[PDB]
Amino acid sequence: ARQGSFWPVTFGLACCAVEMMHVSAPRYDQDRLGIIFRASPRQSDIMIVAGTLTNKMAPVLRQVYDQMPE
Amino acid sequence: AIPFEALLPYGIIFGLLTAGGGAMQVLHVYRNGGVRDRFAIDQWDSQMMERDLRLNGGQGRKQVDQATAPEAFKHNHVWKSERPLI
Amino acid sequence: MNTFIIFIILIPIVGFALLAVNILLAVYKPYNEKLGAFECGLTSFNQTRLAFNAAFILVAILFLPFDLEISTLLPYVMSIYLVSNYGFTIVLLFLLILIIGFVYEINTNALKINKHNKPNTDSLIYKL
Amino acid sequence: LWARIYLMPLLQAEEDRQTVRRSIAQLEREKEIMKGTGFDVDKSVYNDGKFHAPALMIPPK
Amino acid sequence: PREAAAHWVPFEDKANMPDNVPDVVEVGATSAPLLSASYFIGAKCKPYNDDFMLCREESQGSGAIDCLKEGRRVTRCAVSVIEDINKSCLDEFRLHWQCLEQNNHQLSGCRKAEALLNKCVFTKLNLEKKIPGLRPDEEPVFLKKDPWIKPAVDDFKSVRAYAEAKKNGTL
Amino acid sequence: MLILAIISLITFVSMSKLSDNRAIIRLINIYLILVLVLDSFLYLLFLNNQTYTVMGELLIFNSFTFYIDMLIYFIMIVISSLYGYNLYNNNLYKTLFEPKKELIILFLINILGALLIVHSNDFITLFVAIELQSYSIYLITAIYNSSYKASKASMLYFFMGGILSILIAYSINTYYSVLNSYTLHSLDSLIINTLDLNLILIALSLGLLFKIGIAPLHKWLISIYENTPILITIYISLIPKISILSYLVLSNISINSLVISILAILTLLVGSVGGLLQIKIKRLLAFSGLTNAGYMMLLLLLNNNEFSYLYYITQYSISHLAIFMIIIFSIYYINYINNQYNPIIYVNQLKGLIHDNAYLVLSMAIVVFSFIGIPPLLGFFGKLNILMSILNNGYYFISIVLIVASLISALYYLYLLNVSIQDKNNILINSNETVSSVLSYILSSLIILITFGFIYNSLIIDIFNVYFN
Amino acid sequence: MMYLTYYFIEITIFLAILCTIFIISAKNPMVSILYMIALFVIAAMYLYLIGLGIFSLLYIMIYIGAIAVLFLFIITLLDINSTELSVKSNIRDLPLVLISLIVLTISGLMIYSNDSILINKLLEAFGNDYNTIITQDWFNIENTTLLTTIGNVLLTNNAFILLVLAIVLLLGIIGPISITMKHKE
Amino acid sequence: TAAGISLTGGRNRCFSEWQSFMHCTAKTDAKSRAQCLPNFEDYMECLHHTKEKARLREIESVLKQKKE
Amino acid sequence: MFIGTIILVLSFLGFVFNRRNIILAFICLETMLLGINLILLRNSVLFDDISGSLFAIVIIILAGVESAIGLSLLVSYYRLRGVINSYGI
Amino acid sequence: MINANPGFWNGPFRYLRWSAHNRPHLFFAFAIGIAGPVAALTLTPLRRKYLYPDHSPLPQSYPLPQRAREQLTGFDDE
Amino acid sequence: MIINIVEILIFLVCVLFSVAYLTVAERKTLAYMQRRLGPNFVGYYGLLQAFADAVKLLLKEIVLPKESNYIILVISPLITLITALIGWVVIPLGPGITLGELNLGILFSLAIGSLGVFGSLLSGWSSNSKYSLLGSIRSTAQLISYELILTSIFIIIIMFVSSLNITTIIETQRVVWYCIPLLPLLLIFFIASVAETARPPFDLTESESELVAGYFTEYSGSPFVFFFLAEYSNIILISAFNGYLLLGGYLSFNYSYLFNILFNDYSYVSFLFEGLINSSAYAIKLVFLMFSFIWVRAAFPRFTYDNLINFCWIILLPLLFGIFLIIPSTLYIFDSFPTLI
Ligand SMILES: CCCCCCCCCCCCCCCCCC(=O)OC[C@H](COP(=O)(O)OCCN)OC(=O)CCCCCCCCCCCCCCCCC
Ligand SMILES: CCCCCCCCCCCC(=O)OC[C@H](COP(=O)(O)OCC[N+](C)(C)C)OC(=O)CCCCCCCCCCC
Ligand SMILES: CCCCCCCCCCCCO[C@H]1O[C@H](CO)[C@@H](O[C@H]2O[C@@H](CO)[C@H](O)[C@H](O)[C@@H]2O)[C@H](O)[C@H]1O
């Protein structure tokens, strides 16, 4: 169940988000494997840190991470 | 239609609701004794069904076509004694 | 014990099944910030309410009369044959009188949201 | 509706005969409940001379 | 009267009728055969039925006790009609009311048995079905050739019997 | 005509600006005048007191109700004139007295409820009409939503009227539980003397009466009349009273009640005493209305009360309109505008009005001495007819209380006149602005009616003896 | 098995007392509105019990569906401060509360009977002992229910009150616009 | 206006007594209106069942204390 | 008869002895109307009469309009004041 | 502005054209609502005259005859 | 009462599993519209995706934030789900084949649908957040505003059949389905259905709120599963309303000829085949309507709150207040006021 429902949080910060979106695109369909990107961390299980982490953004990253249910 | 993989869940929904309706038809008929259900019943039909229960031996919706009733029908009458409404 | 009664009681007194399954199976070890609420965000002891436009509450206040109108039409549609050509005229007068109020509602523009920061439409005139 | 009309008097005659039976049986029963008193059970609570079914009863138990 | 509410215990009465009231047989037919024989009862028991209702109305309250002779006549006339049906016209009658049972007691689902029964009773007992109140311009719905409203499934036995009767000229 | 007016004005006001509401009020005022002129020949239906039942048996039409309806039209004409015609064409009087867009529609709907109260023959009609009056008059109290006092009064009036409407509904449903009926025609001699029925009936009477300020439930309505605008007070202090008291007079519900006698004595004493220390004008006039409501409560114990009630309610309506109009006219000479809504509050602001306008003070004197009941004015004949009826029917202690209340009320009626005929420094010598012609004529006509209506009393009695007997 | 459903009117009376107490007692007025909804549910139950389920559903769709919704709508949008039920604030009411409870209940039960002596007027109200006989007639040929008859009388015998309720609903539209909206010009 | 109408659209439970009483009122004047006392008593008895309740109280009391 | 009188009386007392809210006042009015309607409908059933049910459905409509108007008036009061306090209506 | 209201009283036909072009949601609602009552007034008698008349009433209760009783026999006792 | 329990369990199983597979149907249909495929990996051909989602969610924490309320957050899903499921009691899959054969079935449906607004109302109260309390308000405004249109269409249909028995409303459509005389009302009822279900293009506050920190449904664990079940059950139930009001419910071609050919007397095979045909018709109509929901999600952009309220109150209700006048007039012109049953 944890594999076949694999819901990351929308934490795209930079140009790696382009590849994330292409993984949601027709050629590679993330939804075929059960993957749905969820806006709020309370509904999420994974955090894909896709982009540079600035010193102005790290507290936000840790808050988003701590808001995620185990 | 081309995408059968997309129609498989619709086929499951269709099959489940269809089989449910069929089994429910069969169970309703078993409950009634080989007769389709009654619906949209008013006061008149309820009172007539109770009368039928008086003329058959409590055998549900069994119908009788005889011209004279048993002599139990004279003493099988029911009046209903209702709680006081408050 | 009818199937209607069985269903309508069974749904409530069973609906907490997966609730209990989830409460017993799942982890629960909260943090402070897992009990938190957002990415950023704060508010001092300023107030308990925000200023709202009139239409937000007027839609709800006007739902009551129009809903009562449409629910008062139920006796007519269940009496339509017995009140033949008399109640028809009566309910038409009813609907017309209640359409007058709807006309008032439309012409006043009571459900419209108005904008404060208008765009300036006045000409540029230079005193010579 | 016309079928139900043509069937009304039959069924109402049945119900009337059963009404008469039970309304008279109840009086003959209350006579034997009220043996040794001057209580007139057949005295109607209505001042007209019309037939009135009981309209109320002691609960069975 | 209203239907019972919030609690109600049935209670019977094991007493017999008084002896100044003569005995009368009951009708003994259930819902469906009585619905099938309604019009033939009305064709024959019109005077007795309306006399029963007129003596009820004239009594002005005492109809249960003043109308017993009249109701006995009504019951006997109905029993005579159904005895004549059973003695003579039982197969078509049974077709009709079994057809009524598999429907919701809608006469619109039983016209093929109704035709045979009406023919039989009109020829043997001389009682015909007539819906009163109509004009000569209005078509009675039980004589319409192609109605809007038809049964979901027309009854099997009735269809076979209608076919055989059209092949043998009974209709 | 009222429903035609309502359905017309809703559209015409929706499709019109706020610059057109005054002219709309003028139009509908002329409409009501034409109605009262052309359609008033219907009095001939009620010759020899012929009574008609209309809408099944839901409405009743007789001479009493036709008269009350003509009176309510006359009142609405005056109150609409006060909104449709500017007193002075100044910026002040375009700031103080402006009609709001929906005010005329609410007035007409309240008039509709008033008349369906007086014409009611079944309690379902009475309740629907009571609610149509009370909801509309809540909204009339609230339409000037830029006033803190008016919003507060709106909400108090909503809740208290709601509770008293609960009482009316309980009374009605209990009457139905007992008799299985909603109609008072169902009552006769036999039913009254066979069933004890006075609790239900007096509960209905009190639920209707406390909605017009009958003591001990007077303070809330007096606060509402104080805290509302003057041109709203003039309406909400009069028309509900006419409606409800006319229903309770036509329906003979409290013919020899002890509770109504007690509460009427209490209303008289309170309405006379409590008005003695009032320094504000509207509270004084509210207590005046309270004691007049007591005088009219007294004739709910008579069983032959049509002439007295109609005379007294007509003269009280004329006097009420006249005194509020005089207070409205006095704002040009007061030296201190208190509010945008109540420009004049205190009685001492009328000090010296005789040196600025003397004939306005003559009008005030006429109205004050009609309130006191001084002959040959109209209030005297009102009080006389009331006394005639109550002494013919055996209320001898109430009569002495009535005299004592008539005397105690004169003090606070004379407070106004006394301060008005006092001397003032800084008098008026000239003013180029003139007050309206129409409103001046209306006030003068009311004053002339108060002064010279006694000439026609013989004729009025002769007409009454044909249409009401 | 028979009398398991006998006391279902008494249970509704008990639950209604409870829900009213909770309305008066709840800290947050949102909870008071929810208990009012529960009281409407209890009343709808009782109406089904005495044989008026049409009114139960009408209540569910009108009261709970619109009026309670509007209550929640306003308390979600307006600041309505509240003082909690306290002993330093409300205990003074107990003497008058009890006096009024006794007087009002006893008068409300006395008012329904026509007997002359006052004590007997309460004793008849508590005289709910004997059951009603429900006999069957065969005179009603149609399928007329309560809603059909309400429509019949309201559109024929009582058309005037319907065409007056129309103006009441017009007020329900025209008043709130006059009070809540501010017209530009 | 809706007087005498049932929940089913017809005559109510206590129609006949009311109609008898109203016939007797139509016959009578306010001075002869006391003739209609038994009719009104019948109407109210049909409504509220006071006398029948007292009767059954007597019957039950004889079933109650004269036996136990 | 009992449930309605009880709801009515308790709602009236919770209206009169309310030192807390305005929402409780609204609620107590609505519950009072409810209690009246329940007594009314019980009598409607016992008499087998339609006038009671007619009056009841009319009360439903009128109470809805009452609620709408009352909660418009509250909104005007709040337009000017901004807070609806424990006291002061 | 571009397509402002021309006023109904400054021309009905032009106003209605403008309404159909710029306010169809109101214009065609008006048409639907108006066409029912007017058709009910004007077309119903033509229907009664030339297509089919109104139906005869349904019984609604037992049709109690408006006569005096007649002596009968048949189906008596014995 | 044994077979009553059996019937209830069959009905529950079929309904809930239909919901769970409607989730997969949504995903796969939207995918193949978008020139992709998914889900196809978490069972054979994707037929265990919903159960994987459920099992995951039923093992996640039930975190409730600091300034939130425990009870409201936890029961609002459950109340919403109860109200969504008890509306299936009156839905017929045949002539009388129903759990609740109520003669007031339309009013039961229309009254239990009135209670779905409380979920969106109470969601806002489960935090000390002032902007979510306004998102609550906007959503509730949308729902109460389109309830009027659904009820109006209900009443316009009941003008043709003077009954609140759903089986009678269906059996009147043996002659013609009410989508033929009232084809625009089919569009209007579908639009108001999509708007009552808060589905795209009417997904304002869900879309609104995922942007902001709050104003949407930030539930985890079992509340979340219950909300999904409520959503995807109300979709099927509002499509059921479409069905039995306008599309004939369970009706199809007349199969009397075929049955007289295949059979000679009433057997249980006869009854089973009748039931299968009827519920097949009902189910294929439901499938089409669900596909239409998905199609509309795939095609169109989103509304704003102003455009939506304006749509409702200034375009749709005028038409329906006109239709209230035109339908009884059409019945009066031709002497066709319908009788009871
Ligand atoms: C509206 C808000 C919602 C709440 C509502 C609450 C329920 C409503 C209660 C009833 C309705 C309120 C009635 C208002 C009070 C005024 C009633 C009234 O004036 O009617 C009295 C009337 C007699 O007066 P009258 O007709 O004028 O004079 C002729 C006399 N032959 O008729 C009578 O003769 C009355 C009969 C006398 C019996 C009165 C019953 C009181 C019994 C209380 C006893 C309590 C026990 C002792 C004390 C306990 C304290 C610990
Ligand atoms: C009527 C408008 C009222 C508005 C206020 C103006 C007062 C008009 C008084 C006329 C009454 C009438 O002449 O009638 C006498 C009425 C009953 O007669 P009627 O059935 O109403 O027929 C009248 C037919 N009219 C309408 C065509 C005229 O008896 C009364 O108890 C009247 C008591 C009122 C006493 C107040 C006297 C005021 C002095 C009048 C100086 C001219
Ligand atoms: C109800 C059964 C009980 C178990 C609960 C099952 C929960 C599973 C619910 C899934 C239902 C489908 O719901 C889901 O659909 C698609 C899945 O691609 C998501 O959509 C997401 O994927 C992409 C597709 O590449 C979309 O473009 C969209 O932008 C979003 O990023 C929706 O945001 C979500 O709502």
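Residues numbered from 1 in each chain as written, not as in the entry; some residues may be left out. Chains lettered and ligands numbered in written order. Part of a larger assembly, values for the part shown. Heavy atoms only, no water. Residues with missing side-chain atoms left out of burial classes, pairs and counts.

Method of determination, as annotated in the archive: cryo-EM, at 2.7 Å resolution.

Here we look at the overall build of chain H
A count of helices and strands for chain H gives three helices and zero strands. Helices and strands appear in chain H in the N-to-C order α-α-α. Viewed in the frame of its principal axes, chain H has a C-alpha envelope of about 50 × 35 × 10 Å. Taken across its 68 residues, chain H has 44% of its residues classed as buried. Long-range contacts, defined here as pairs at least 24 residues apart, represent 31% of the contacts in chain H between residues at least 6 apart. Accessible surface, chain H: about 3800 Å² in total, of which carbon and sulfur atoms supply 52%. (Helix = DSSP H or I, 4+ residues; strand = E, 2+ residues; numbered from the N terminus. Buried < 20%, exposed > 50% of the residue type's maximum accessible area, 1.4 Å probe, protein only. Contact = heavy atoms within 4.5 Å. Areas by Shrake-Rupley, 256 points an atom, 1.4 Å probe, with all protein chains shown as cover.)

Structural notes on the packing of aromatic side chains
Under the criterion given, the structure shown has 85 aromatic pairs over all chains. Note on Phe154 of chain K and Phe241 of chain K: the rings are 5.9 Å apart at their centroids and 75 degrees apart in plane angle, and the pair reads as edge-to-face. Of this pair, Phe154 of chain K sits in helix α6 (residues 132–158) while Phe241 of chain K sits in helix α10 (residues 222–246), placing them 87 residues apart in sequence. The burial state of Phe154 of chain K is the same as that of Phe241 of chain K; both residues are buried. In textbook terms, an aromatic cluster arises when at least three aromatic residues are bridged by ring pairs, as seen for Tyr135, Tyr138, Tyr157, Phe158, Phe159 and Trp220 of chain F, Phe71 of chain G together with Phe15 and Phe26 of chain I. Cation over ring: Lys34 of chain C sits above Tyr31 of chain C, and NZ or CZ is 5.0 Å from the ring centre. (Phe/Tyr/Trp six-rings, centres within 6.5 Å; stacked < 30°, edge-to-face > 60°. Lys NZ or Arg CZ within 6 Å of the ring centre and 35° of its normal.)

A word on the UniProt feature "transmembrane region" (unreviewed entry) in chain B
UniProt feature "transmembrane region" (unreviewed entry): in the numbering of this structure it lies at residues 11–30 of chain B. Between the C-alpha atoms that bound residues 11–30 of chain B the distance is 28 Å, and the span itself is 100% helix and 0% strand. (UniProt positions renumbered as here; feature names shortened; annotations may be inferred.)

Things to note about the site of ligand 2
All names here are of chain F. Lining the immediate environment of ligand 2, one finds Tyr43, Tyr67, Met70, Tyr311, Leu449, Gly453, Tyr456, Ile460, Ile463, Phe464 and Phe468. In the complex, the protein chains occlude 80% of the 860 Å² of accessible area that ligand 2 would expose alone. Of all the elements in the fold, those that place two or more residues in the shell around ligand 2 are α3 (63–84) and α21 (457–467). Broken down by element, the shell around ligand 2 gets its largest block of residues, three residues, from α21. Across the shell around ligand 2, the residue classes tally to ten nonpolar, one polar and no charged. (Near = heavy atom within 4 Å. Nonpolar A, V, L, I, M, F, W, Y, C, P; charged D, E, K, R; others polar.)

Remarks on the sheet that holds strand β1 (residues 8–11) of chain E
One open sheet accounts for three strands, arranged β1(E)-β1(B)-β1(G); its pairing is antiparallel. In this open sheet, the two edge strands, each paired with only one partner strand, are β1 of chain E together with β1 (132–134) of chain G. On average, each strand axis in the sheet is inclined to that of its neighbour by 35 degrees, with strand direction left out of account. Pairing of strand β1 (residues 79–82) of chain B with β1 of chain G involves three bridges; the strand directions are antiparallel. Paired with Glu82 of chain B across the strands is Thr132 of chain G, a residue of β1 of chain G. (Pairing = 2+ DSSP bridges. Axes fitted to C-alpha atoms, helices over the stretch in contact; angles between N-to-C directions.)

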